[PDB]
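The chain below stands alone, shown as structure tokens; this is the form deposited in one PDB entry.
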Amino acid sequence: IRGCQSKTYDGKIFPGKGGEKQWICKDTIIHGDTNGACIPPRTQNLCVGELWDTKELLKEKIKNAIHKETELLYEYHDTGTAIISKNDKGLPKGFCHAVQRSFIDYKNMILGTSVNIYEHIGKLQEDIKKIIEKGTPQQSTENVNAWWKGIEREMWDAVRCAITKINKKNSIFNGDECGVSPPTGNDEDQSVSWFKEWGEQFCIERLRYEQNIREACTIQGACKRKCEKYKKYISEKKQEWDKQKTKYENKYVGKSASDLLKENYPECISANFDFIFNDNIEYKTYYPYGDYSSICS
């Protein structure tokens, strides 16, 4: 199975069995030259125009990669199988986000500034960084950065002109719906883009739990099964938040993890981060379900 095919990082598309990817938190991170604490299920499902020549050809074998990626991203978000694409009782919910996030992994991939993975893809950072030298002058450390900088607009169009190949199907898709320009600001650092991802995902699922608890508690019974499956989710998640959360506040002197996530995603507002994942032992006694022990009582 090779050649960019329908995403599987949050299970299989309707009606697929599953085979869902999860976050990979490699403890092997304690240096300022690492990408991110934990790796998103989406970076792992990145589409790739064969990253198992020259610089003029290399370009195209990436412009098109992003093009394919963006399409699959519309698929996986249109249907509603991506964990963040899900609604509750123009372009798909959380489509544009996922779109960008994949644009960054590419940028960092090409520049070889990523979280050294899969080795057929991490391998490629070599294939790139070395093809340039026999592409342009100087001897050049920041030689690859420069080449990319003058193509980001071309690569971004490999995104801008893909949203367009949707327009009529389902029009108002002039391709700037996801920004007329590629991500920047805090996203100019893969570590942050991934962490912000983790946050949008969590908060949405968290809202997904309250909508199950609330919509099933109108004491005991089922409104205890749903509650248990929650403390469960925080149980599994506690590890990933702490790893990530810590990495951020150290690297970026004096900023807070919870503002970052609450600053960017509406679903995260109704969620007190240091409280949901609180340290103290007694809390696992005073609040057996956490922030939802209200709805669970």
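We call the rigid core whatever largest set of C-alpha positions still superposes within 1.5 Å between the two forms. Numbers follow the displayed sequence, beginning with 1.
The form deposited in another entry is left out here; the points below concern that form.
Per-residue Cα shift between this form and the one not shown after core alignment stays below 2 Å for all of 44, 256, 239, 34 except 34.
A displacement of less than 2 angstroms separates the C-alpha positions of residue 113 between this form and the one not shown, with the rigid core held in common. If you compare C-alpha positions, residue 117 and residue 11 are 3 angstroms or more farther apart in the other form than in the form on display. The Cα-Cα distance between residue 29 and residue 82 is lengthened by 3 Å or more in the other form relative to the form shown here.
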